[PDB]
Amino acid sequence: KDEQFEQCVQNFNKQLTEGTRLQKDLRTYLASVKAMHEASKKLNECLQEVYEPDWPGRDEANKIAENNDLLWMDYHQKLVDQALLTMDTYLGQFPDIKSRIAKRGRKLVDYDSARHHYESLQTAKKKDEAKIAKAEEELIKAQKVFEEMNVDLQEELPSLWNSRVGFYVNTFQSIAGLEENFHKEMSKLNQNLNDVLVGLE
């Protein structure tokens, strides 16, 4: 039951470790998207550079390069708003639970100390009733302090653990939903450029 609680603690550290990695990979994916965007803009700038203003389709190829720019921007901004910054509430939960767990640990040590002291007094050599009285009071106090920390963690850790499912499912549904749409809209731009370039064949 130390054991029951230590399992919650081990689940909590795993949940914390996995949720940290998922964001970092999200962050890295985000930075990829931005660099793919910048590279695509330079590549389109090469086409614009050679495409003369009077050649048929020039203005339209331009329109398409600007739509491409906008599409990458919107994908990246939506990923940020809908998948990355939507994690805030959930991860925000962790720091203070971690802290409360280490504090529960110290209050348990304090409680164990006060038990040990109370115990040393019960095996005199005539009992010193007054010292017993104070040690008993310190024991009961340190037990209450420990037991409050303990009771709130015991309901809170299973609740958090269970919510990890929702978090993962929702984050990946937002990313996959956004991604389906981006790639759909993309392909249309590729098609539009292709039809313009058919004119110069």
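Residue numbers here begin at 1 and follow the sequence given.
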For the stretches 101 to 109 and 79 to 87, which has the higher mean C-alpha B-factor as given in the deposited record? 79 to 87
On average, are the C-alpha B-factors higher in 35 to 43 or in 153 to 161? 153 to 161
Sorting by Cα B-factor within the chain, modelled residues only, which third would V50 end up in: lowest, middle or highest? highest
Hey, what third does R27 fall into on Cα B-factor, ranked over its chain? middle
So, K127's CA B-factor, relative to its chain, sits in which third? The highest
Modelled-residue ranking by C-alpha temperature factor, third containing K134: lowest
Among all modelled residues of this chain, ranked by Cα B factor, put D195 in the bottom, middle or top third, i.e. lowest, middle or highest. lowest
